[PDB]
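S.K.: This is the structure, below, for whatever I ask next.
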Amino acid sequence: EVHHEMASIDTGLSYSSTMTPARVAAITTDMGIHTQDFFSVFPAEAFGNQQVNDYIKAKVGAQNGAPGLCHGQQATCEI
Amino acid sequence: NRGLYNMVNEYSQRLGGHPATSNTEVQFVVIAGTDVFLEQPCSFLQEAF
Amino acid sequence: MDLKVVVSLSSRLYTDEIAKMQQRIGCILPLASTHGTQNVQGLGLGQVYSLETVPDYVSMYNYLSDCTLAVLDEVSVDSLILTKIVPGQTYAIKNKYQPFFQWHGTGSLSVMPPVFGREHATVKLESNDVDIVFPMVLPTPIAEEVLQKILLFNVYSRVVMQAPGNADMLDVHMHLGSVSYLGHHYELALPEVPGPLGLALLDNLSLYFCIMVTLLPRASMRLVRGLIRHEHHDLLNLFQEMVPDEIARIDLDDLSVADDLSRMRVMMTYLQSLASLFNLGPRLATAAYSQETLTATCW
Amino acid sequence: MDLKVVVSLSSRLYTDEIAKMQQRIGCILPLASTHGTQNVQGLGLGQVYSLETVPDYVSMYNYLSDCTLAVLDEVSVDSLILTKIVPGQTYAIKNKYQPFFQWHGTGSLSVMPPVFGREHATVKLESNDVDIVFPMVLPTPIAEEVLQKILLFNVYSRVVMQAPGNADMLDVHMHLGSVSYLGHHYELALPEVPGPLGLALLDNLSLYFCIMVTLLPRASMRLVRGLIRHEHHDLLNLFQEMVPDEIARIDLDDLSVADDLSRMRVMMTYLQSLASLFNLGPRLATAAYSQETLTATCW
Amino acid sequence: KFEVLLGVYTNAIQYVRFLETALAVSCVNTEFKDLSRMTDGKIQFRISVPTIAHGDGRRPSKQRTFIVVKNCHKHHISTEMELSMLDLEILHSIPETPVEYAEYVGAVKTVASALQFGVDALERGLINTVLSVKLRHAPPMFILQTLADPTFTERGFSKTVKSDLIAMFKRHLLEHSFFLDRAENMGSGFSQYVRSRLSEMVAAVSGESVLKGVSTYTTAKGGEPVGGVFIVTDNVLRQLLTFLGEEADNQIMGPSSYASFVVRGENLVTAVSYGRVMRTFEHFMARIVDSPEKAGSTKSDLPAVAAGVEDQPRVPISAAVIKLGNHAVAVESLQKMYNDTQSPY
Amino acid sequence: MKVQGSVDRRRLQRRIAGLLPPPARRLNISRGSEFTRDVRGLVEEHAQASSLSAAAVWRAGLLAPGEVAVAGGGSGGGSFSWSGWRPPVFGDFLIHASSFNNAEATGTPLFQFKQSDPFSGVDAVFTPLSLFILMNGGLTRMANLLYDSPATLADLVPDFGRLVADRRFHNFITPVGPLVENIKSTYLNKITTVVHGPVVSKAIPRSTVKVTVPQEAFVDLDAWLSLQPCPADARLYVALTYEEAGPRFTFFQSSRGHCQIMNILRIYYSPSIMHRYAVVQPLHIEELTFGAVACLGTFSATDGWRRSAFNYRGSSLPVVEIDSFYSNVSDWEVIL
């Protein structure tokens, strides 16, 4: 193991550095309409009748990975 | 609520509360970040575009 | 060869917490990763034990048996220096715990999740919004006793879930949650609902028990019946002049030494398996101790 | 590191005792204090095993697990020199033991308390009025075989002492005299006519195991019926059939819950103690053995 | 008929020293031999602020003094190397026959390079640590710009002041971000726009630093003391070289070693007996007892405020710089270490 | 006035100057030098090998007082350990010429089976392949290619069928560990293995040995099961399972700790017990025992398993190989 220690002090009193964005290089989130799954968020919640719950789950599309992604990282949507 | 100078220091110094993950199939929350460099400007302004 | 770990804090902590941690010098605690530079998250028993969550003790034993153990060596405003405990070393170690029990120097110590209390055992660090939990070490007999207390309380809190009255759970709380040491009683904090990994352990206990229960030797039953009927011993204090009804039904067959002998062989083959499961924790053997120093030479 | 211990004496030795300590020179002794120069009263089992007391097997095992072993180096007039055992260092050992057992290479040697009479383990020194007792070393399989066989012998001898119509001593001595292992046969002498009071070194381990096996049937069914859950380990349902029907028919309700819990608790303590007892803790490996030299290179 | 090993090549690792980077312009490098002892550092500024008398009946503000405290922060750096035990074994034994000698020399070369890697990794660690420390205290531009303007805080921070400052923040966020992106559509005003933007970046940062009067890095050309450092990626550095056209100097003058701090002297006694060690104990003793009467002067303070920074000799650092407004500012690209280590920039 | 009773004055200092020095750690580095006798003295691993001469041996220091070879003569010996370094213990077996195939991987794990003949002079050994053949990808294919005529194996074990029915066959085997050296003789092979310490081969040109196990037999316990920590040591286990078709032999590797290892072996064998104990077989006193678990030692975690071809007579086997092994056998533990 190779070790080293360092010590730092801010010299002045005010802000002494400025970072700023200059150029966008890529947009990653695809700006899509993918909606977040509440059922996967709350696995406890359920209705009264078991078959009614199962039918709602069937029609809604509730639940992986995705094989191929044409745009990029999907961005969840909330309503 | 605090003074805006403390908020400015906290902006660049400490990372934001529960931001999205990067280079993943979907958007998880990132609880402990390894080489994560994101920052968000909407947190302090509290607006959306 | 060289055993040393420095843990780097991102932001400096306040005076109150530096004092609280400097009280805590000489503490055993687990860290997850074996490197010279460790982050403040992987430190301590915190990240599995949460304030909002129901306490599960077997999972904490499980986490601790795997995480490497270190001894607190130095407390600073930015950095924590802790020495690592390698499996093959001798370590001079210091005892200062608040729930302190006396130490022989004869028997190995054991490490356990903080069963006694959460508040007096924890240290909060609001400078870096992280909580550190120090686990508790005990001589091995009291360790095994506390473990038995906890598991039996799990089973009986489960069973008396469907039971008539409050007096029964009150009897359960007596001499299960309480550890009675010379001169004091000590209150273990116990879960209201034990659901994770209590099953996964008690079920293996039940498998071993149901396997062993078939192959009992009858001569022992006949002997116990005779002795509780005629004499009285402190081990025989439990059975009064009354003799249980199971033994009266199982005994009736005669004795054949070959079958009892083979049953004894198999029962021994299973007892050694049962012995391995009760530990669930790191055991540090001790060789010498000084009462005036509260210092052992553990191994 | 340098590890040699020297025990001096108060008075000069006789010639007969010199020959008798030359007799068992390359063997194993417990050494109370790890210090370099030491008195005689701490090198034997005389504190543990005495003529005046009545010995206890759990006591001798506890002392064997909590002491430092050592091998002799040199016996001289008015002095003895032993070599200390440290875990993780190689030694050479001879077999000078009055009950003889064959040793085989790559085996497991086990240090269990010498169960036989004094004349096989003890060495008398009248010049200082002490008697040094040697722990018997044994290959682990035979070490467990002899343990279980003498235990069952004590069980049946006490059983027929209570009620005569239960057994025939001929059958006991035929099925429990011999020990066959590895193509050799060794006939062990049982201690005849054990006294009414627990004057035998055994009979306390026997009471422990008997209490255990008598309390097991009440405990196991209650544990299984308690562990029944909406979700549990899948093998449990198949192994619930193993239990004999007589044990299944027990109504779990007893005189009280508190008595049931106390029974469970004491039984579990006894079960853990016994499970540790059958492991034969102090154990040694063996790398090579030579029968004309009678020497084993072990560690 | 044969097959031919027609070429054998091995990459060479260039050493990267902190002092040679242009980034080192933004630091003061002190060599402190036993850093592990220092528990906590401290700097205390005392500032006196005057007021202007007024003819109105207004209640006057008295004499004003402010006491500012700053503290050190420590950093730990560690890397792991692996050595095959056989190499460390054969290194000791003498060579018997020339094949043993060939294996010996190959072994010692391998372990030597294995340590070269370690020293290099620790140097990249030093430079990354400084860059990250700088990034942690660099608030963004759209917040800095209206805050540097003293016109909007002239009357202090009431409610309405902040309600307008938030508007200026959001507006600059919507408008002036990604300026090097906008240059394409801005067209002919491209160069003047980028120049005004860089100059706003320069003027936005406060320049009041205590070590401002010390002779730090200078222009290779005489005079023109260098003011600061730009850190940019390679593509943006290419765009800045295009729009700015000619570079200013192409090299600068910087120190050759770090200023040493020694605890020798009665600081040793104060460290043995007490926890504290005083800096510049010579001047600090002289000011109290040796020369108690005389008042301090900035020219008398200047040799003191530089302990060892002043004495060092200067050598030419190779780095690209420009001149903007009246300031010589270096522009520096580091995206060659982070590429070679293959860690993200 | 100077009585000078004890001899400590002017004499004990020399003794404690030798007994004094500990091994060096934490050597400080200068950049410009970058390599010194200081760094070399911290680095030197100090091997143990013979040059076959008086002066050469004494310089190499093999005639060392402690267990470790120390050079310098009087200067050495004060290391007082090497991080607890223990020299390997060796074991030397005598084998028939047909039982152990002469071609092997040199890191294969071995097993000695106790016999019954009194005062014997030869003892049996097996590798996982012969162990497979005895119990009856292409592990079967290559195991047949290596070993034919199972009778030449079955003669050493006249009780295999009885012990696998009384569930006692597992205790008779004692695990030994990886191979080191094989001396091939027409009538009696001489096998040299290592126990209780580092596995390092004895070839005077120094070479590395990594313990290999056929990938068919090896089962990664941690993989199919699932913030979490990571320890340095992962232990290697063998499992001998009495299954309906017969006995079967598997391996496991994990660092979860003993209790977790037991539990994950429980659920890893759950379907096999569910099938075997089921309607197919009822109960009886001697048939209850199901599995045996024994530990073989510790191996550096995070390295893993290199996957290699083992080629014999133009036929390959996929073999997992584990570097840097540390052999340490344990007793058998009964699982059901």
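Residues in the structure tokens are numbered from 1 in each chain, the chains being A, B, ... in the order shown, and ligands are numbered from 1 in the order shown.
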Over all C-alpha atoms, paired in order, superpose chain C onto chain D by least squares and report how large the RMSD is in Å.
M.R.: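 The optimal C-alpha superposition leaves an RMSD of 8.0 Å.
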S.K.: Against chain A, which residues of chain E fall within 7 Å? For each one I want the closest pair of atoms and the distance in Å (one decimal), counting only C-alpha atoms, rows by chain and increasing residue number, as CSV.
M.R.:
residue,atom,partner,partner_atom,distance
E:71,CA,A:9,CA,6.3
E:72,CA,A:9,CA,4.9
E:73,CA,A:8,CA,5.2
E:74,CA,A:7,CA,4.5
E:75,CA,A:6,CA,4.9
E:76,CA,A:5,CA,4.8
E:77,CA,A:4,CA,5.0
E:78,CA,A:3,CA,4.5
E:79,CA,A:2,CA,5.2
E:80,CA,A:1,CA,4.7
E:81,CA,A:1,CA,6.4
E:118,CA,A:2,CA,6.7
E:137,CA,A:17,CA,6.7
E:138,CA,A:17,CA,4.6
E:139,CA,A:18,CA,5.7
E:140,CA,A:19,CA,5.3
E:141,CA,A:20,CA,5.5
E:177,CA,A:21,CA,6.5
E:178,CA,A:22,CA,4.4
E:179,CA,A:22,CA,5.8
E:180,CA,A:22,CA,5.5
E:181,CA,A:23,CA,5.4
E:205,CA,A:16,CA,5.7
E:206,CA,A:16,CA,6.2
E:208,CA,A:12,CA,6.3
E:209,CA,A:12,CA,4.4
E:210,CA,A:12,CA,6.0
S.K.: Rounded to one decimal, what separation in Å do you get between atom CA of residue 282 of chain C and atom CA of residue 23 of chain C?
M.R.: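 Spanning atom CA of residue 282 of chain C to atom CA of residue 23 of chain C is a straight-line distance of 24.6 Å.
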S.K.: Select residues of chain B: the criterion is any atom within 12 Å of an atom of chain F, counting only C-alpha atoms; output as a PyMOL selection string.
M.R.: chain B and resi 31-33
S.K.: Could you take the residues named above and write them with N, CA, C and O atoms, as a tab-separated table (two decimals), in the first residue's frame?
M.R.:
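Result file is out-v8.tsv:
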chain	number	residue	atom	x	y	z
B	31	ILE	N	-28.27	5.79	-4.00
B	31	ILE	CA	-28.14	5.96	-2.56
B	31	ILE	C	-26.70	6.27	-2.17
B	31	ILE	O	-26.44	7.10	-1.30
B	32	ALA	N	-25.74	5.60	-2.81
B	32	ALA	CA	-24.33	5.90	-2.66
B	32	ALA	C	-23.71	5.94	-4.04
B	32	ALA	O	-23.81	4.96	-4.79
B	33	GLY	N	-23.09	7.06	-4.39
B	33	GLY	CA	-22.65	7.31	-5.74
B	33	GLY	C	-21.15	7.11	-5.89
B	33	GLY	O	-20.37	7.55	-5.04
S.K.: Select all residues from chain C having any atom no more than 6 Å from an atom of chain D (counting only C-alpha atoms, ignoring ligands), output as a CSV table (one decimal) with N, CA and C atoms, in the first residue's frame.
M.R.:
chain,number,residue,atom,x,y,z
C,159,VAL,N,-46.5,-18.0,19.4
C,159,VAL,CA,-47.5,-18.9,19.8
C,159,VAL,C,-48.6,-18.2,20.6
C,206,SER,N,-36.1,-27.2,14.3
C,206,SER,CA,-37.1,-28.2,14.4
C,206,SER,C,-36.8,-29.4,13.5
C,209,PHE,N,-34.6,-31.5,15.6
C,209,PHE,CA,-35.3,-32.1,16.8
C,209,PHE,C,-36.2,-33.2,16.3
C,220,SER,N,-32.6,-44.8,29.1
C,220,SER,CA,-32.5,-43.5,29.8
C,220,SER,C,-33.9,-43.1,30.3
C,223,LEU,N,-34.6,-45.3,33.4
C,223,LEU,CA,-33.8,-44.8,34.5
C,223,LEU,C,-34.4,-43.5,35.1
C,271,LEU,N,-25.6,-34.7,17.3
C,271,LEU,CA,-25.4,-33.6,18.3
C,271,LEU,C,-24.2,-32.7,17.9
C,272,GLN,N,-23.2,-33.3,17.3
C,272,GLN,CA,-22.0,-32.5,16.8
C,272,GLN,C,-22.5,-31.6,15.7
C,275,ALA,N,-24.3,-28.7,17.5
C,275,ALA,CA,-23.4,-27.7,18.2
C,275,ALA,C,-22.9,-26.6,17.3
S.K.: Produce a table with one row for each residue of chain C that has an atom at most 10 Å from any atom of chain A, each row naming the nearest atom pair and its distance in Å at one decimal; use only C-alpha atoms; arrange rows by chain and rising residue number; format as a Markdown table.
M.R.:
| residue | atom | partner | partner_atom | distance |
| --- | --- | --- | --- | --- |
| C:2 | CA | A:1 | CA | 9.9 |
| C:35 | CA | A:1 | CA | 9.1 |
| C:36 | CA | A:1 | CA | 7.9 |
| C:37 | CA | A:3 | CA | 9.5 |
S.K.: Could you work out which residues of chain E fall inside 12 Å of chain F? Count only C-alpha atoms, and format the result as an NGL selection string.
M.R.: :E and (15 or 17 or 33-34 or 82-96 or 99-100 or 103 or 107-109 or 111-120 or 122-123)
S.K.: I'd like to know which residues of segment 118-162 of chain F are helix (DSSP H, G or I) (by DSSP, run on the backbone); could you write them as an MDAnalysis selection string?
M.R.: chainID F and resid 128:135 139:146 151:154 160:162
S.K.: Please measure the separation of atom CA of residue 28 of chain D and atom CA of residue 45 of chain D, giving the value in Å to one decimal.
M.R.: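 Computing it gives 11.7 Å between the two atoms.
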S.K.: Find the residues in chain F near chain A: any atom within 10 Å counts, using only C-alpha atoms. Write them as a ChimeraX atom specification.
M.R.: /F:26-29
S.K.: Output C-alpha atoms for every residue in that selection, as a compact mmCIF listing (two decimals), in the first residue's frame.
M.R.:
# COMPACT_ATOMS: atom_id res chain seq x y z
CA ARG F 26 5.89 1.47 6.60
CA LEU F 27 9.12 2.50 4.90
CA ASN F 28 9.05 6.12 3.73
CA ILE F 29 9.57 6.84 0.03
S.K.: Counting only C-alpha atoms, which residue out of F:19, F:199, F:188, F:3 sits closest to chain D?
M.R.: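 Of F:19, F:199, F:188, F:3, the one nearest chain D, counting only C-alpha atoms, is F:19.
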S.K.: Tell me which protein, DNA and RNA residues are within 10 Å of residue 328 of chain F, counting only C-alpha atoms, leaving out same-chain ones fewer than 5 positions away, and put them as a PyMOL selection string.
M.R.: chain F and resi 175-177+194-198+235-236+295-298
S.K.: For those residues, write N, CA, C and O atoms to a file as a compact mmCIF listing (two decimals), in the first residue's frame.
M.R.:
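Once written, out37.txt looks like this:
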# COMPACT_ATOMS: atom_id res chain seq x y z
N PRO F 175 -10.15 -36.27 4.06
CA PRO F 175 -9.56 -35.41 3.04
C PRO F 175 -8.12 -35.06 3.38
O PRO F 175 -7.76 -34.87 4.54
N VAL F 176 -7.28 -34.99 2.35
CA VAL F 176 -5.86 -34.73 2.54
C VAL F 176 -5.48 -33.38 1.94
O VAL F 176 -4.92 -32.53 2.63
N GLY F 177 -5.76 -33.17 0.66
CA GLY F 177 -5.51 -31.89 0.06
C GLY F 177 -4.90 -31.98 -1.32
O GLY F 177 -4.92 -33.03 -1.96
N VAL F 194 0.39 -31.89 0.49
CA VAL F 194 0.62 -30.83 1.47
C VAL F 194 -0.64 -30.64 2.30
O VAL F 194 -1.76 -30.71 1.78
N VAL F 195 -0.45 -30.44 3.60
CA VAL F 195 -1.53 -30.15 4.54
C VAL F 195 -1.11 -28.97 5.42
O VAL F 195 0.08 -28.78 5.71
N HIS F 196 -2.10 -28.16 5.80
CA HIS F 196 -2.00 -27.15 6.84
C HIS F 196 -0.88 -26.15 6.55
O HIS F 196 0.11 -26.03 7.27
N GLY F 197 -1.08 -25.44 5.45
CA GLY F 197 -0.22 -24.34 5.10
C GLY F 197 -0.29 -24.01 3.63
O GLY F 197 -1.11 -24.55 2.88
N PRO F 198 0.56 -23.10 3.19
CA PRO F 198 0.57 -22.71 1.78
C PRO F 198 0.84 -23.90 0.89
O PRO F 198 1.56 -24.83 1.26
N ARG F 235 -14.08 -19.99 1.83
CA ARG F 235 -13.75 -21.38 2.12
C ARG F 235 -14.34 -22.30 1.06
O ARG F 235 -15.35 -22.00 0.42
N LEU F 236 -13.66 -23.43 0.89
CA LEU F 236 -14.00 -24.46 -0.08
C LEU F 236 -14.47 -25.71 0.66
O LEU F 236 -13.81 -26.16 1.60
N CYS F 295 -14.85 -29.07 5.29
CA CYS F 295 -14.15 -27.92 4.74
C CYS F 295 -12.76 -28.34 4.29
O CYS F 295 -12.13 -29.19 4.91
N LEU F 296 -12.29 -27.74 3.20
CA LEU F 296 -10.95 -28.02 2.73
C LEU F 296 -9.98 -26.87 2.92
O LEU F 296 -8.77 -27.09 2.87
N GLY F 297 -10.46 -25.66 3.14
CA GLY F 297 -9.57 -24.57 3.47
C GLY F 297 -10.07 -23.25 2.91
O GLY F 297 -11.20 -23.12 2.46
N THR F 298 -9.18 -22.27 2.98
CA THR F 298 -9.47 -20.89 2.64
C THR F 298 -8.74 -20.51 1.37
O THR F 298 -7.62 -20.96 1.12
S.K.: Near chain C, meaning an atom within 6 Å, which residues of chain F appear when counting only C-alpha atoms? Write them as an NGL selection string.
M.R.: :F and (83 or 229 or 259 or 333-334)
S.K.: Give me the residues of chain C that have any atom at most 12 Å from an atom of chain E; for each, the nearest atom pair and the distance in Å, rounded to one decimal. Use only C-alpha atoms, sort by chain and number, and format it as CSV.
M.R.:
residue,atom,partner,partner_atom,distance
C:5,CA,E:78,CA,10.7
C:6,CA,E:76,CA,8.0
C:7,CA,E:76,CA,8.7
C:8,CA,E:76,CA,7.0
C:9,CA,E:75,CA,9.2
C:10,CA,E:73,CA,8.9
C:11,CA,E:73,CA,8.3
C:12,CA,E:73,CA,8.0
C:13,CA,E:73,CA,11.6
C:34,CA,E:80,CA,11.6
C:35,CA,E:78,CA,8.8
C:36,CA,E:78,CA,6.8
C:37,CA,E:78,CA,6.8
C:38,CA,E:76,CA,10.0
C:39,CA,E:76,CA,11.1
C:74,CA,E:39,CA,11.5
C:75,CA,E:39,CA,10.2
C:76,CA,E:39,CA,7.1
C:77,CA,E:39,CA,7.6
C:78,CA,E:74,CA,6.9
C:79,CA,E:74,CA,8.1
C:80,CA,E:76,CA,11.3
C:81,CA,E:36,CA,11.5
S.K.: For the structure I just gave you, how does DSSP split segment 25-132 of chain D - specifically, which residues are strand (DSSP E or B)? Reply as an MDAnalysis selection string.
M.R.: chainID D and resid 28:31 37:38 68:76 79:84 91:94 109:112 122:125 130:132
S.K.: For the residues in the current selection, export N, CA, C and O atoms as a short mmCIF file (atom, residue, chain, number, x, y, z; two decimals), in the first residue's frame.
M.R.:
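Generated file (result_18.cif):
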data_model
loop_
_atom_site.label_atom_id
_atom_site.label_comp_id
_atom_site.auth_asym_id
_atom_site.auth_seq_id
_atom_site.Cartn_x
_atom_site.Cartn_y
_atom_site.Cartn_z
N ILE D 28 1.83 -35.70 27.08
CA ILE D 28 1.13 -34.43 27.16
C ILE D 28 0.69 -34.17 28.59
O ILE D 28 0.21 -35.07 29.28
N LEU D 29 0.86 -32.92 29.03
CA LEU D 29 0.45 -32.45 30.34
C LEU D 29 -0.24 -31.10 30.23
O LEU D 29 0.13 -30.28 29.38
N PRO D 30 -1.24 -30.84 31.06
CA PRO D 30 -1.74 -29.47 31.19
C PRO D 30 -0.84 -28.66 32.11
O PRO D 30 -0.42 -29.13 33.17
N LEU D 31 -0.56 -27.43 31.71
CA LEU D 31 0.31 -26.52 32.44
C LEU D 31 -0.50 -25.30 32.83
O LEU D 31 -0.95 -24.55 31.95
N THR D 37 9.21 -20.41 34.74
CA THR D 37 9.56 -21.24 35.89
C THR D 37 8.35 -21.36 36.80
O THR D 37 7.72 -20.35 37.13
N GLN D 38 8.03 -22.58 37.22
CA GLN D 38 6.75 -22.80 37.88
C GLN D 38 6.85 -23.92 38.91
O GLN D 38 7.74 -24.78 38.84
N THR D 68 -3.40 -24.80 28.96
CA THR D 68 -2.37 -24.84 27.93
C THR D 68 -1.63 -26.17 27.98
O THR D 68 -1.08 -26.54 29.02
N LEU D 69 -1.61 -26.88 26.86
CA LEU D 69 -0.98 -28.18 26.85
C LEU D 69 0.54 -28.03 26.68
O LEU D 69 1.04 -26.98 26.28
N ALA D 70 1.26 -29.10 27.00
CA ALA D 70 2.72 -29.08 26.91
C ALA D 70 3.25 -30.50 26.84
O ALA D 70 2.57 -31.46 27.22
N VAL D 71 4.48 -30.62 26.34
CA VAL D 71 5.18 -31.89 26.19
C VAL D 71 6.47 -31.83 26.99
O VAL D 71 7.15 -30.80 27.00
N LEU D 72 6.82 -32.94 27.65
CA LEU D 72 8.06 -32.97 28.41
C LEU D 72 9.27 -32.92 27.49
O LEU D 72 9.22 -33.34 26.34
N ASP D 73 10.36 -32.39 28.03
CA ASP D 73 11.65 -32.38 27.35
C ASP D 73 12.68 -33.19 28.12
O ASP D 73 13.34 -34.06 27.53
N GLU D 74 12.83 -32.94 29.41
CA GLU D 74 13.90 -33.57 30.18
C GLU D 74 13.48 -33.74 31.62
O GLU D 74 13.00 -32.80 32.25
N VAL D 75 13.67 -34.94 32.16
CA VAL D 75 13.42 -35.24 33.56
C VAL D 75 14.77 -35.40 34.25
O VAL D 75 15.58 -36.25 33.84
N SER D 76 15.02 -34.60 35.28
CA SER D 76 16.28 -34.66 36.01
C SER D 76 15.99 -34.63 37.50
O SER D 76 14.91 -34.22 37.94
N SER D 79 14.41 -31.49 38.94
CA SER D 79 13.91 -30.56 37.94
C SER D 79 13.20 -31.29 36.81
O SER D 79 13.46 -32.46 36.53
N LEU D 80 12.29 -30.57 36.16
CA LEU D 80 11.57 -31.08 35.00
C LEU D 80 11.51 -29.96 33.98
O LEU D 80 11.35 -28.79 34.34
N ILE D 81 11.66 -30.30 32.70
CA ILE D 81 11.62 -29.32 31.63
C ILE D 81 10.63 -29.80 30.59
O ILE D 81 10.80 -30.90 30.04
N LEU D 82 9.61 -28.99 30.32
CA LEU D 82 8.60 -29.25 29.32
C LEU D 82 8.68 -28.21 28.21
O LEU D 82 9.28 -27.15 28.38
N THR D 83 8.07 -28.53 27.08
CA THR D 83 7.96 -27.60 25.96
C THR D 83 6.50 -27.21 25.78
O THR D 83 5.63 -28.08 25.68
N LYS D 84 6.24 -25.91 25.75
CA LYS D 84 4.87 -25.42 25.71
C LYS D 84 4.26 -25.60 24.32
O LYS D 84 4.95 -25.51 23.31
N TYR D 91 4.97 -30.21 16.44
CA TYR D 91 5.58 -30.93 17.55
C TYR D 91 5.76 -32.40 17.17
O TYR D 91 5.21 -32.87 16.17
N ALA D 92 6.52 -33.11 17.99
CA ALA D 92 6.67 -34.55 17.90
C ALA D 92 6.24 -35.15 19.23
O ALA D 92 6.64 -34.66 20.29
N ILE D 93 5.43 -36.21 19.18
CA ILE D 93 4.84 -36.78 20.39
C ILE D 93 5.03 -38.29 20.39
O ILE D 93 4.96 -38.93 19.34
N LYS D 94 5.31 -38.85 21.56
CA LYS D 94 5.34 -40.29 21.77
C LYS D 94 4.07 -40.75 22.47
O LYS D 94 3.33 -39.95 23.05
N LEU D 109 -6.04 -36.80 16.53
CA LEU D 109 -5.80 -37.10 17.93
C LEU D 109 -6.69 -36.23 18.80
O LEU D 109 -6.98 -35.08 18.46
N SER D 110 -7.11 -36.77 19.93
CA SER D 110 -8.07 -36.12 20.81
C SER D 110 -7.58 -36.26 22.24
O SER D 110 -7.19 -37.35 22.66
N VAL D 111 -7.59 -35.15 22.97
CA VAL D 111 -7.20 -35.14 24.37
C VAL D 111 -8.48 -35.12 25.20
O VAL D 111 -9.10 -34.08 25.38
N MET D 112 -8.86 -36.29 25.71
CA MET D 112 -10.00 -36.46 26.58
C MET D 112 -9.52 -36.90 27.96
O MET D 112 -8.45 -37.50 28.08
N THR D 122 -1.96 -41.96 36.50
CA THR D 122 -1.29 -41.20 37.55
C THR D 122 0.15 -41.67 37.74
O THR D 122 0.51 -42.81 37.44
N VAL D 123 0.98 -40.75 38.21
CA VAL D 123 2.39 -41.00 38.54
C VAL D 123 2.66 -40.35 39.89
O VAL D 123 2.52 -39.12 40.02
N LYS D 124 3.03 -41.15 40.88
CA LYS D 124 3.11 -40.68 42.25
C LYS D 124 4.52 -40.20 42.57
O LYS D 124 5.50 -40.86 42.22
N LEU D 125 4.62 -39.04 43.22
CA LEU D 125 5.88 -38.47 43.68
C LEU D 125 5.72 -38.18 45.17
O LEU D 125 5.08 -37.20 45.56
N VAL D 130 2.91 -35.29 45.97
CA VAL D 130 1.96 -34.97 44.92
C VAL D 130 1.82 -36.16 43.98
O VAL D 130 2.59 -37.13 44.04
N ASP D 131 0.81 -36.09 43.12
CA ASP D 131 0.57 -37.10 42.10
C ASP D 131 0.21 -36.40 40.81
O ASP D 131 -0.78 -35.66 40.76
N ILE D 132 0.99 -36.63 39.76
CA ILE D 132 0.76 -35.98 38.48
C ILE D 132 -0.10 -36.89 37.63
O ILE D 132 0.20 -38.08 37.46
#
